[PDB]
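K.L.:
My questions all concern the structure below.
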Amino acid sequence: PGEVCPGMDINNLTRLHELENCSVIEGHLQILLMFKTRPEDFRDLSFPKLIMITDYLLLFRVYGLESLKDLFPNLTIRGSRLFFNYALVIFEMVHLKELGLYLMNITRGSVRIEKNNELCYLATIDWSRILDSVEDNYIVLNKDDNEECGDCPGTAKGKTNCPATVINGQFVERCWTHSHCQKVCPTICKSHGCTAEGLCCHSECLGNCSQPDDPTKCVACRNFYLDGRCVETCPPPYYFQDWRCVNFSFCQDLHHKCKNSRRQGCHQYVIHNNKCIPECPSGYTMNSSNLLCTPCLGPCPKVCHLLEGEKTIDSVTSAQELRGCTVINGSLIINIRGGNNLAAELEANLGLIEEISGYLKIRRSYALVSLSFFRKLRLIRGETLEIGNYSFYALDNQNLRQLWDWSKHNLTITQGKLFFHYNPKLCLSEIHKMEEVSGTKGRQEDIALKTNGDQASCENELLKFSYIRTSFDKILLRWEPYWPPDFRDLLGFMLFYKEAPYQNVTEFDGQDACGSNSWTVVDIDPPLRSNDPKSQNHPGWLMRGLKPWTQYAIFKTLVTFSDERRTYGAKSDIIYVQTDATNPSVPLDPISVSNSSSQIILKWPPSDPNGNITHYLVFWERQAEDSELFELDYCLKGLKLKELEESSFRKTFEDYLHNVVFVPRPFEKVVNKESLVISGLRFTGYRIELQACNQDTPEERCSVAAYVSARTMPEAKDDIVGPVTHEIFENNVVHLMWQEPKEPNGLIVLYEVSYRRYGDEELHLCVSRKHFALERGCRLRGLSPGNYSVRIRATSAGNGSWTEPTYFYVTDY
Amino acid sequence: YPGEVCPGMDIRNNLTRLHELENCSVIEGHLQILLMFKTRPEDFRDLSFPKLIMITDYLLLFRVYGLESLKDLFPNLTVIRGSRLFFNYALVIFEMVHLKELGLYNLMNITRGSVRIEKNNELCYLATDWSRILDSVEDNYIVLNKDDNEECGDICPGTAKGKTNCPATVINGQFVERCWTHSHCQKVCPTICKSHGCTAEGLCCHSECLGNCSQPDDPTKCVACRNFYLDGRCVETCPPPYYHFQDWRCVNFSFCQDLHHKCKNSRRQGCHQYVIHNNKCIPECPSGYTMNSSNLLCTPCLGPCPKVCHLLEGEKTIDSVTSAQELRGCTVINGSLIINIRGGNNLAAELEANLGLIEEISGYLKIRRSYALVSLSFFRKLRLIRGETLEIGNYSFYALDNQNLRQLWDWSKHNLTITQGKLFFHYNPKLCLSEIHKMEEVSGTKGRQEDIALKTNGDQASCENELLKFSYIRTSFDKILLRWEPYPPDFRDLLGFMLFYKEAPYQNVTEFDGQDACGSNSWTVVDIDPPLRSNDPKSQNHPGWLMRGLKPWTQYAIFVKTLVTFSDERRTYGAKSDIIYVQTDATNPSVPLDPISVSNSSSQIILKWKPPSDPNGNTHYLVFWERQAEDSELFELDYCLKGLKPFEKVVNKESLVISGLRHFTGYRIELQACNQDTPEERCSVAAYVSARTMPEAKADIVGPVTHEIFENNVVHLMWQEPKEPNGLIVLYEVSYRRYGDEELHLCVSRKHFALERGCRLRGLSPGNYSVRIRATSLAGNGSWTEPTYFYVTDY
Amino acid sequence: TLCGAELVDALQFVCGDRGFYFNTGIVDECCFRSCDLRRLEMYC
Amino acid sequence: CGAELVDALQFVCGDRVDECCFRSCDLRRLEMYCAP
Amino acid sequence: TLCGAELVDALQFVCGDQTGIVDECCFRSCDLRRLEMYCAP
Amino acid sequence: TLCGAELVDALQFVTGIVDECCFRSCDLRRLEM
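Residue numbers (the deposited numbering), protein chains in the order written: chain A, 31 to 40, 42 to 107, 109 to 134, 136 to 184, 186 to 273, 275 to 480, 483 to 592, 594 to 642, 644 to 679, 720 to 744, 785 to 801, 803 to 837, 839 to 917, 919 to 935; chain B, 30 to 157, 159 to 480, 483 to 519, 521 to 651, 653 to 679, 785 to 838, 840 to 935; chain C, 4 to 26, 41 to 61; chain E, 6 to 21, 44 to 63; chain F, 4 to 20, 40 to 63; chain D, 4 to 17, 41 to 59.
Here it is, written out as structure tokens:
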């Protein structure tokens, strides 16, 4: 605390030091190349008296930056004014050796460290604590990888006398010099400093305080200008930081000075958020009367900023700054000689524009065929007329066809005038419609009538349609006949057909001089003219390779222009047709949960519907399990113009000839869900055959059948229990018995009988069908004398059944 | 001529009128047969005219509802002179409904004009040699002939007879036979011979001859006189008191005088009072000269005298040389001229020939819709555009639309004068701005107070003049290394320098190629800001683009045409040098392609080779191969187990016909691609291929196999291997059998045969035995030996 | 509004008396503006 | 094409080749080619 | 050869005013693209 | 042009230089400011 020093620039040397008396700076201070002088003083001069710098600091090959050990530590930037949105930059040093300035927090601005010719100690400083600085992330090790340092109170020198924090997952100690480091404070005590002994400062502090819990020793300010024993413990009524408030008037003044600031820098701030911010959500606006953010009528209410009052657009990319705008203060000039696309680029940028104030001109362009890419424009104020007292000026657009579909758009201009010069491809009907819609037709009443569109067709007729038939992949078409006066001039027909998922399309909507070819074009040579025009064949054509279910769109002749008369074969009403439905394609890949014989459900709706998908069919042709081993003596464990001029020339010769040679005097079915359940079947990969059709009727159209095969668990289990009844023969022969509930579906996992002597190893033998059927029992192998135990077990894992061994003694020889 | 001369005929509506021509050999005019509805092929049974030999002006046939072929109408129509064409056409066959064969199998030459056959549904013989007859073939126009539908068999007597029998003509290399009707064909003269014609034997005739020759070199026995005909022979002039007349014959004074008197008083219009001038019987004497009533001779110029022309109704719609011909010699025109030439086919030649003498248009000269007008310099003597009557808004000159008008005039040496009438210009895409401005200052009515449009004139043409020619050309086979010279009053007037570059396989590239209107283009556009303009012109940098990535063996085009930014109303005259078709230096070629070799025999190998996709130059005459005959391992390997086991100096492409190889040879064949080998050894990477001489076998066991009898049931066999067994013998198969019993088999390998010297039989039962031996090689199996009978010891 | 090939057959369908006369014309008078029998027949 | 031309002409006609194939025939031709 | 003033003027035209042009374009395969990388980025 | 390394070395020897000396009239006096 103490004196205040206004921020002034540093062609001199003695101004390199400015921390002598003023503990705070009222403006911006930065050091530059300055006088080329040896850093005799700066390499060792210590002046940590200043604690706060209000604005950003800049360095530009400052000679003084050679060695820094204890120059001025304990520096928390206020960030009132910023450079490149930075409140601190570390750049342009060509002879820096040691970085040991040793930093608590930089407010309102990031820190730049990249592209430094000479820097070090960057890997030993936690820049996250001072500020996250995630906006730029230019804080990188410029030359620490080559060990530019030459002076670390951590593990490098043994005992760690410095605080440590996680750096990129590494607990890197805070090393600045041989022994200096960053001040540490308890995590609860943040952004207001603490004393050496860890005692927290007051909540009104900014930086480390000499006296604990003493905001007077600090140099912080108060948002309500208390100017004394100020309080800044923000309650919920107080809307900047955890300890720094804005309440309701500081953030008011944050926008009050910028209310009339039609420039960069000063910007309006809103108090509606908990922390005073200059921005608002995408659907929220600064209130004109109130001082809290107000939701808009639509998303992105952003108004595009103006520069010099003219924001001309050319080659698409010049409009990139106009991604989203609402009202434009200045004037617009449009001139697009060429480009790649019209709607995908220019409508993608200028489509969202809503209203203009003043002037907008189409200066000179070729790519614009349809001007309707100005999708949402409603009102151009026209209070500022740029040239000729004009408001909207269309000029030098050779192939400009459509301004706006006037059945749809309601663009109105309050003030100004119009002009259409050198616009040869736009009929006067369209400009008349535009004037009617703009509201300046008559009200606030310059048309060339020759340079405007006269080389293209107008005063069009109507071409009616006729017979129509189609299949799933081939739509035909026949229309009424019509001939101009001199029938031979009519070169032919142009049929335009194009997809239409929804019943809303126009002609020039997806076209430009770039040739977007949204509407596929075909040409049909005229039919032979016949006497008795009723007997004439109806001019017809069909096209192939269509889609079987889409709502198609179709509709104009070609006329060689004659100077005497301007008559052209017109278009036809856009008639929407849909090819008849047909068989759908293969179903979506099925998913089967074949858990149990009673628990089998199928999960799939593929593309190419070819009609409303309604009928699903299912089948299954298989057998549960093999039964040959069930009955035979088998072991389960053992089983194994130029053309236009040519036409005109031919017509000319014909008319010369005639002018000179004539002189006067089972199965399953579901409906809308995937599948309810599949059951009734009996422990195998049951093959299930699934068929997808079109609709539920005997006239259903079904695709190839997808197939499903998945294994159920065996619903049957333990099968033999009870004591092992046995009979002992005098010649060391024993017998076995069991009951076999033979159900020929499934396989017993083990199916064997285990016999073990007393104190000896256990052996098992397989069980055969003939043991229960033919032999009516079983006999063990050679049994050594002694106590023997027999185990009978056959389970389709089993819970474990204590088969009674009923120990028996055999003959001892 | 054998027959008299008859004037133009206009026979129509009935066949009986055609008999008026029965006795004509040459017609001094035009023959027209217009409309014959009642005709059918029968109706023309007894009509013919072989006597007609020549028609001067033209001949046109219109709807004849039954006629089908002209092979029977007039065969001997030899030559058509075309003095007075019909819309640039000297032969018009139009709307011939049933015309099957065109006829005219004895037509030789058409000196002037073109031919138009159109809209006929039965004529498909015309695809048979217009270059032979007509000097001009571009101006020909044949279409909608029922042959454009490709539905004809082109039956030709020189072609449908079987083997080719009649001359063929090269068209874009097609070289197809040509012939009129299904009875006759071409009689093309020898290439050494010219329009004089040829006899039946095919030799040149007299210079004054034309087309056909009754006798070789005889002026008195020629069918068409190329220049003139006076009393029975063809001559190059009229030496005695004969004078040229109608540019085909000479007549004496008496004939001209009688012709003059024949309409000096007669009502017949169109006839002229023929005068004798420049020893010619011209119908009216030209400018300056004028005839005196004394003796039908033309006086010298009687002071400055013009020739009024008095175009009917004050306006003439010049659209065809048959209409421009009506203005020949009219120095001063008392009407207005409306040039309306369409459909290409520039007529600067004929227009200059006729209108080149015009000087003073009394009306408004307007050029509307003229598509082919490349310049207006043919008005080589236009002095005053009097403009007594103007067009609509007081316009004297008028250019409504001319899609190629560039030159206008040449104000270097051409003076022009306009009495009044402003100037009009519209939609002239190549009307140079400087040229029209020069018209403005040069009597463009700049004074007299006195409708140009701004950007509709010359909106697709350049106005750059400064030929900043490239200082020097240094060109690598893979990169540009040259530059262009520098040169506006202020550098601010110099926007910058940009360059058009693209590959130039030909030298036909023009400025208009690949321009802004072209949209997609191959031009490489790179802009270079001009360097520092030093105070020393000797220190001029001469900016250059020096782009890399060149194909070493293609011609390239370089054309700068530096751009500039200026006001649209007033601008500098720009800077642009000439396009240079700079070629490229050939280098080492790329990898050779398609190496495939197939052994023509065991001792022969041939290969087919192809050049790379794009060789880096124009050539190799030597092909390697692997030094190998066969592996020695195959000599010792045993296959008797049962069920177990240099370069040639030849062109790369097809010249490898090497022979004399070993029978069993298969190895690598190596060849590379080279552009030059003797001047500089530049060869590409050598290719690799193998040819298998396996599919061949020549030499089985040679020599009878005897036997050795041993008591212990042992029989030994021996033989000698052939010297050249198509390589090596891999094994020998031996079979032995006792008489009246079963047979047993055995195998002997080459290794076994080396020590056994044959085969050894073991376990033979007592009695009489037999044996057979066969040799087996890798190429194939041999033949079994003759059986040998021996007695085994019997116990 | 016959223009061209129609005008050909139109005259054939009309009259045979004078079979066209001979020693702005028909195309101007009849093609572009659809003449009637009055002047079209006159060209007989 | 040629034979699918035949199918298409079965559609076009109503109830009544290497050429169509090769030159992409028009309906104005298959309309009278189908009719026998 | 072009390693002298020719290379320096080519560089000063493509880009204006130890792995230099001597061993990257003067005595090695190079193109216009390679010239700029030796010039300032 | 001299707006690149030339301007930066001139400054190192003697509203940035881009719009005050690079594309506008300037002298050695204007470089220092």
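Yeah, the Cβ is synthetic: ideal placement off N, Cα and C, and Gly gets one too.
Are the CB atoms of A/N458 and A/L486 nearer to each other than 8 Å?
P.N.:
no
K.L.:
Considering just the uninterrupted stretch of the alpha helix (DSSP H) at D/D12, what are its terminal residues?
P.N.:
Counting along the chain, the alpha helix (DSSP H) containing D/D12 begins and ends at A8 to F16.
K.L.:
Quick check on DSSP: helix, strand or coil for D/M59?
P.N.:
coil
K.L.:
How far does the beta strand (DSSP E) with B/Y171 in it reach, from first residue to last?
P.N.:
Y171 to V173
K.L.:
How about B/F116: is its C-beta nearer than 8 Å to some C-beta of chain H?
P.N.:
The structure shown has no chain H; the protein chains it does contain are A, B, C, E, F and D.
K.L.:
Would you please verify whether the beta carbon of A/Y735 is less than 8 Å from any beta carbon of chain B?
P.N.:
yes
K.L.:
Return helix, strand or coil for C/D20, following the three-state DSSP convention.
P.N.:
coil
K.L.:
Here's a check: name, in chain order, each residue in its chain whose Cβ is nearer than 6 Å to the Cβ of B/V559, leaving out the five neighbours to either side.
P.N.:
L532 and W578
K.L.:
Looking at B/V362 and B/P334, is the spacing between their C-beta atoms short of 8 Å?
P.N.:
no
K.L.:
So what does B/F592 bridge to, in DSSP terms?
P.N.:
Beta-bridge annotation (DSSP): B/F592 is paired with B/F533.
K.L.:
So with CB distances below 9 Å, who are the chain A contacts of E/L54?
P.N.:
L513, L514, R515, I561, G577, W578 and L579
K.L.:
Just the chain B side, please: which residues come within less than 7 Å of C/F25 by C-beta, in chain order?
P.N.:
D39 and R41
K.L.:
A/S98: which of A/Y87, A/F73, A/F116 and A/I109 sits nearest, CA to CA?
P.N.:
Nearest in C-alpha terms to A/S98, of all of A/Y87, A/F73, A/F116 and A/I109, is A/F73.
K.L.:
Would C/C48 pass as an interface residue toward chain A - the criterion being a Cβ-Cβ separation below 8 Å?
P.N.:
Judged by the 8 Å Cβ criterion, C/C48 is in contact with chain A.
K.L.:
Straight-line CA distance for A/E670 to A/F509?
P.N.:
56 Å
K.L.:
With a CB to CB cut of under 6 Å and the five nearest residues on each side skipped, what residues in its chain are close to C/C48?
P.N.:
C6
K.L.:
Mind reading off the beta-carbon distance from B/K176 to B/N149? Whole number of angstroms is fine, and I expect it under 8 Å.
P.N.:
6 Å
K.L.:
Just to confirm before moving on: does the CB-CB distance between A/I40 and A/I62 stay below 8 Å?
P.N.:
yes
K.L.:
Closest Cβ-Cβ distance between F/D20 and chain D: below 8 Å?
P.N.:
yes
K.L.:
Are the C-beta atoms of D/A8 and some chain F residue less than 8 Å apart?
P.N.:
D/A8 counts as touching chain F.
K.L.:
Which one or two residues does DSSP pair with A/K396 in a beta bridge?
P.N.:
A/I368 and A/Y428
K.L.:
C/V44 CB to nearest chain A CB: under 8 Å?
P.N.:
yes
K.L.:
Whole angstroms are fine: how far does the CA of A/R69 sit from the CA of A/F91?
P.N.:
15 Å
K.L.:
If you reduce the DSSP assignment to three classes, tell me which class A/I466 lands in.
P.N.:
Residue state, collapsed to three classes: helix.
K.L.:
Is the Cβ of E/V11 closer than 8 Å to any Cβ of chain A?
P.N.:
no
K.L.:
Looking at B/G805: is its Cβ nearer than 8 Å to the Cβ of B/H856?
P.N.:
No, Cβ-Cβ distance for B/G805 and B/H856 is not below 8 Å.
K.L.:
Buried or exposed for B/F408, please, with buried defined as at least 16 other CB atoms from any protein chain shown within 10 angstroms of its CB.
P.N.:
buried
K.L.:
Rounded to whole angstroms, what is the Cα-Cα separation between A/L152 and A/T352?
P.N.:
38 Å
K.L.:
At least one CB of chain B closer than 8 Å to the CB of A/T605: is that the case?
P.N.:
no
K.L.:
Curious, which full-length beta strand (DSSP E) runs of at least 3 residues does the stretch 491-565 of chain A contain?
P.N.:
527-535 and 557-561
K.L.:
Residue range of the alpha helix (DSSP H) that A/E725 falls in?
P.N.:
Secondary structure note for A/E725: its alpha helix (DSSP H) is the uninterrupted segment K721 to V739.
K.L.:
Between the C-alpha atoms of B/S666 and B/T507, what's the straight-line distance to the nearest angstrom?
P.N.:
56 Å
K.L.:
If the cut is a Cβ gap below 9 Å, which residues of chain C does B/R113 touch?
P.N.:
Simply none; closest approach about 16 Å.
K.L.:
Select from B/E71, B/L76 and B/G907 the residue whose C-alpha is nearest the C-alpha of B/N52.
P.N.:
B/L76
K.L.:
Alpha carbon to alpha carbon, how far is A/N376 from A/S553? Give it in angstroms, no decimals.
P.N.:
The C-alpha of A/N376 is placed about 7 Å away from the C-alpha of A/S553.
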